[PDB]
Amino acid sequence: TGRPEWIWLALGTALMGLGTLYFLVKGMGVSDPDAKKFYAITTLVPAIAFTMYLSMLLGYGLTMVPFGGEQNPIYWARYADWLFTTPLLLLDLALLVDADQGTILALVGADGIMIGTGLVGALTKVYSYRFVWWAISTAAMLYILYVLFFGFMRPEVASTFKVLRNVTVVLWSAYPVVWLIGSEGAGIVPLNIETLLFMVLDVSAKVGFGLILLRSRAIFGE
Amino acid sequence: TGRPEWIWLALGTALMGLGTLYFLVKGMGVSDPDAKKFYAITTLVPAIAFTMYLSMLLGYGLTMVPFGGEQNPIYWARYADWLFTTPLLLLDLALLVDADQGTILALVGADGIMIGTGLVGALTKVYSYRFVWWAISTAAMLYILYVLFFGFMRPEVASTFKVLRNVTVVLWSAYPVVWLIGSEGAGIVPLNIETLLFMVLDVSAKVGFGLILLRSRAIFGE
Amino acid sequence: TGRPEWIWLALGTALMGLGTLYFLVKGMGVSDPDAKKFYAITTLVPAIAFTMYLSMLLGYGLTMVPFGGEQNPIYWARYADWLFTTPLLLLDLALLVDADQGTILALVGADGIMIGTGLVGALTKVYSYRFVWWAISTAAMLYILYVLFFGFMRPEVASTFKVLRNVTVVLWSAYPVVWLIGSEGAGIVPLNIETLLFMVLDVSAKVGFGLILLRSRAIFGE
Ligand SMILES: *C/C=C(C)/C=C/C=C(C)/C=C/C1=C(C)CCCC1(C)C
Ligand SMILES: *C/C=C(C)/C=C/C=C(C)/C=C/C1=C(C)CCCC1(C)C
Ligand SMILES: *C/C=C(C)/C=C/C=C(C)/C=C/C1=C(C)CCCC1(C)C
């Protein structure tokens, strides 16, 4: 298409699509209730991402926001993706270690604030206030990362959790950086590079993460 | 009002309203926890539909979307209705057969994708892409219908489930057809007829379904 | 700022922010699963309110709606706040008395209708219909208040529930009054006074409520 980031949106679409199909196939014939939870969560995540990547590719998930005296292209569909996929990823982690309901609520609530404030930040027309929202969102992320380390271990699941939590902490922490330097923030990195960066992170955090989880038998019970 | 479909919106409003009141009355004095689940779900469904039918009647739930070089009237409030009511109907089915959490998640997740992509399709300005979204939404529906047959039987509930699943499969499958031929899609059937069609389906799938469920003592325990 | 209600938005922001921090601090070192539920719910409520108060302060959460032949300032962010915070407050009450799932569903569903129809009412351009939505929303509120009295007692929790339910019934019942007389409704009270009123109610219903709950050991188990 006419926007140079189209190739990364097309690639993200294809990779989320393939990942979804792969997880769909791998989860066929799974009878264990706990495994069924993990396959459902883990397959949904790339399915959702697939749809939102497609919406970006086709132009539906893009809006123009005026700030700094110009029209800035903002892919709002990312936030629609993240709104559902990030709590689902936390839920995968949380179920893995049999987190109590209270901790799950805290995680999901904090995550909604993170994404919600991120979206407000992304759509805010007063440039300086965009970063206020960024800071609030980042505080919520830090709370999530804090809980992931200090807020939950059954030896069925201990080592897989530890790996998935580390992947999670590393990949998630990059998102606020990318937003801060990209088109939503300071605008030091052009939109095509920012889209490439989010695409690598997204596929890694969704399909990558899923592969690690759905390859470990921490999800199965004999 | 000035739009010929108003009569079907008025009738849908009245029928959802009456259905809600009826279920509200029938659920008074119900003490059994499991029955309370089914009455709550089943009463909420038409209550929600009532509100969205009203919004359509009054014009709030209607927007104009440009595609094919014209302004097309699109009732977006349908998707707001379906977003909550369709997962609730799946939940009624799922609770009936004591589905595990993983299957519930899969159903609700697939359903959100179905409705979500349907809405994107309904609001997409590039005509040809409207049908891409339709296809994705239909794939999600097919997955739901697949799970309803192959993805879950306690003899308390077996025969009522089978009836409700068949009603569900027949009525739900018509929605993508109606959308495809109506004002959101190919535009072969005028909006008034499409509204009539959705109204018959909606009342059948919500009030009709509810009557069957809430008349069978598959929901009660002595 | 240029809008006279800014002081009440600034004060609400500060008070929700401080309340969140206070509950965050009080919940540190809490190990009991049930207490963890109540701290998570109760801390999230003001955190969410904080974000939406901020959005109003900064102007993001304000839109202009034409009705009565003029442009009316409508703070839509209130509904975004209430959408999440009101069900969470009901959930606190419901968990306290070990409500069954069916009653929880009914409460949360009714609450969504209340807020949803409130928002439709707030954004409706035909003046007279604004009050139709108000009435539907108020009916949903009345149903909630009905369930809070007749729809659920374990002596661990009985007396704290009774206090929190009374605070809830008194404060919540004022919201429809304020909306009816304020800028969203009949317009007899200017927006600055209405904002002041909602701010007093909000802080009382969120931070006030939370203090009562999180000070009673009805949430702890030895
Ligand atoms: C698959 C997608 C994932 C795991 C996305 C994660 C996204 C984040 C952790 C985003 C975080 C943000 C902030 C902490 C600051 C504001 C900007 C956001 C929303 C990008
Ligand atoms: C009470 C309302 C019900 C049960 C509505 C069900 C709606 C559907 C099954 C809609 C399905 C659609 C597709 C599968 C294709 C795209 C268009 C939709 C959203 C109408
Ligand atoms: C912390 C915020 C709380 C507890 C807010 C509660 C809000 C209500 C009970 C609002 C009720 C409304 C009606 C019943 C009528 C229509 C207008 C509303 C949404 C203000």
Side-chain angles (χ1 to χ4, degrees), chain A residues 45 49 78-79 81-82 85-86 89 111 114-115 117-119 121-122 133-142 144 168 171-176 178-180 184-185 198 201-203 205-206 209, chain B residues 45 49 78-79 81-82 85-86 89 111 114-115 117-119 121-122 133-142 144 168 171-176 178-180 184-185 198 201-202 205-206 209, chain C residues 45 49 78-79 81-82 85-86 89 111 114-115 117-119 121-122 133-142 144 168 171-176 178-180 184-185 198 201-203 205-206 209:
Chain A
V45 161
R78 289 197 196 285
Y79 304 90
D81 172 341
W82 300 337
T85 64
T86 58
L89 290 161
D111 193 288
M114 191 178 72
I115 304 302
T117 56
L119 176 64
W133 296 109
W134 181 92
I136 289 164
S137 181
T138 298
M141 191 191 68
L142 293 175
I144 291 165
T168 291
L171 294 175
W172 286 40
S173 292
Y175 283 78
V178 171
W179 195 104
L180 190 70
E184 302 94 348
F198 279 136
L201 291 171
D202 284 341
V203 173
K206 295 175 162 72
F209 178 105
Chain B
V45 161
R78 289 197 196 285
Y79 304 90
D81 172 341
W82 300 337
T85 64
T86 58
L89 290 161
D111 193 288
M114 191 178 72
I115 304 302
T117 56
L119 176 64
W133 296 109
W134 181 92
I136 289 164
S137 181
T138 298
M141 191 191 68
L142 293 175
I144 291 165
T168 291
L171 294 175
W172 286 40
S173 292
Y175 283 78
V178 171
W179 195 104
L180 190 70
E184 302 94 348
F198 279 136
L201 291 171
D202 284 341
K206 295 175 162 72
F209 178 105
Chain C
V45 161
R78 289 197 196 285
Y79 304 90
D81 172 341
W82 300 337
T85 64
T86 58
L89 290 161
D111 193 288
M114 191 178 72
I115 304 302
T117 56
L119 176 64
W133 296 109
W134 181 92
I136 289 164
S137 181
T138 298
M141 191 191 68
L142 293 175
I144 291 165
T168 291
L171 294 175
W172 286 40
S173 292
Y175 283 78
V178 171
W179 195 104
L180 190 70
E184 302 94 348
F198 279 136
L201 291 171
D202 284 341
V203 173
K206 295 175 162 72
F209 178 105

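Chain letters run A, B, ... following the sequence lines, proteins first and then strands; every chain starts at 1. Side chains included, hydrogens not; waters and symmetry mates left out as well; all remaining heavy atoms used. Just so you know, ligand 1 is whichever comes first in the structure, and atom 1 is the first atom listed for that ligand.
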K.L.:
If you count the atoms of ligand 3 from 1 in the order shown, which ones are under 4.0 Å from a heavy atom of C/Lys206?
P.N.:
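The atoms of ligand 3 under 4.0 Å from a heavy atom of C/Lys206 are 1 (C), 2 (C), 3 (C).
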K.L.:
Measure from atom 9 (C) of ligand 1 to every heavy atom in A/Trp179, A/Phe198, A/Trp133, A/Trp172 and give the option owning the shortest one.
P.N.:
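Of the listed residues, A/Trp172 has the closest heavy atom.
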K.L.:
If you measure from each non-hydrogen atom of C/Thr86 to ligand 3, which part falls under 4.0 Å: side chain, backbone, both or neither?
P.N.:
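Within the 4.0 Å criterion, C/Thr86 contacts ligand 3 through side-chain atoms alone.
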K.L.:
To the closest 0.5 Å, what do you measure between CG (B/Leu89) and CH2 (B/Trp82)?
P.N.:
12.5 Å
K.L.:
Give the atom numbers and elements of ligand 1 that come within less than 4.0 Å of a heavy atom of A/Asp202.
P.N.:
1 (C), 2 (C)
K.L.:
Any idea which part of A/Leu119 is under 4.0 Å from ligand 1, heavy-atom wise: side chain, backbone, both or neither?
P.N.:
neither
K.L.:
For A/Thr138, take its heavy atoms, then give the atoms of ligand 1 lying under 4.0 Å from any of them.
P.N.:
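Near A/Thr138, the atoms of ligand 1 are 14 (C), 15 (C).
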K.L.:
Distance under 4.0 Å to a non-hydrogen atom of A/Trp134: what atoms of ligand 1 satisfy this?
P.N.:
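Contacts of ligand 1 toward A/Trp134, numbered from 1: 15 (C), 16 (C).
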K.L.:
Measuring from atom CZ of A/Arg78 to atom CD1 of A/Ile115, what distance do you get when rounded to the nearest 0.5 angstrom?
P.N.:
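Answer for the CZ-CD1 pair, A/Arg78 versus A/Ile115, is 12.0 Å.
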K.L.:
If you measure from OG1 on B/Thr85 to CZ on B/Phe209, what distance do you get to the nearest 0.5 Å?
P.N.:
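Here the interatomic distance stands at 11.0 Å.
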K.L.:
With rounding to the nearest 0.5 Å, note down the distance linking CH2 in B/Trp172 to CD1 in B/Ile144.
P.N.:
5.5 Å
K.L.:
Over all heavy atoms of both residues, which pair between B/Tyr175 and B/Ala205 is shortest? Give the atoms and the distance, please.
P.N.:
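Looking at all heavy atoms of both residues, the shortest contact is OH-CB, 4.1 Å.
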K.L.:
Let me confirm one number: the OG1-CH2 distance from A/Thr138 to A/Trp179, rounded to the nearest 0.5 Å.
P.N.:
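Separation between the atoms: 8.5 Å.
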K.L.:
Which ligand 1 atoms are under 4.0 Å away from a heavy-atom of A/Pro176?
P.N.:
13 (C), 14 (C), 15 (C)
K.L.:
Give the minimum heavy-atom separation between B/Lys206 and B/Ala49, together with the two atoms involved.
P.N.:
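For B/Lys206 versus B/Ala49, the nearest heavy atoms are CD-CB, 3.7 Å.
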K.L.:
Quick one: look up the protein heavy atom nearest atom 10 (C) of ligand 3 and list residue, atom name and how far away it is.
P.N.:
C/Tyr175 CB, 3.5 Å
K.L.:
Under 4.0 Å from any heavy atom of A/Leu89, which atoms of ligand 1 are there?
P.N.:
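So the atoms of ligand 1 that pass are 4 (C).
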K.L.:
What protein heavy atom lies closest to atom 12 (C) of ligand 2? Include the residue and the distance to one decimal.
P.N.:
B/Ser137 OG, 3.7 Å
K.L.:
Just to be sure I read this right, does ligand 1 sit under 4.0 Å from the backbone of A/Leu171, its side chain, both, or neither, counting only heavy atoms?
P.N.:
neither
K.L.:
For A/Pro176, does its backbone N or O pair with a side-chain atom of A/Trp134 as donor and acceptor, under 3.5 Å?
P.N.:
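Side chain of A/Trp134 to backbone of A/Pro176, a donor-acceptor pair under 3.5 Å: yes, one is there.
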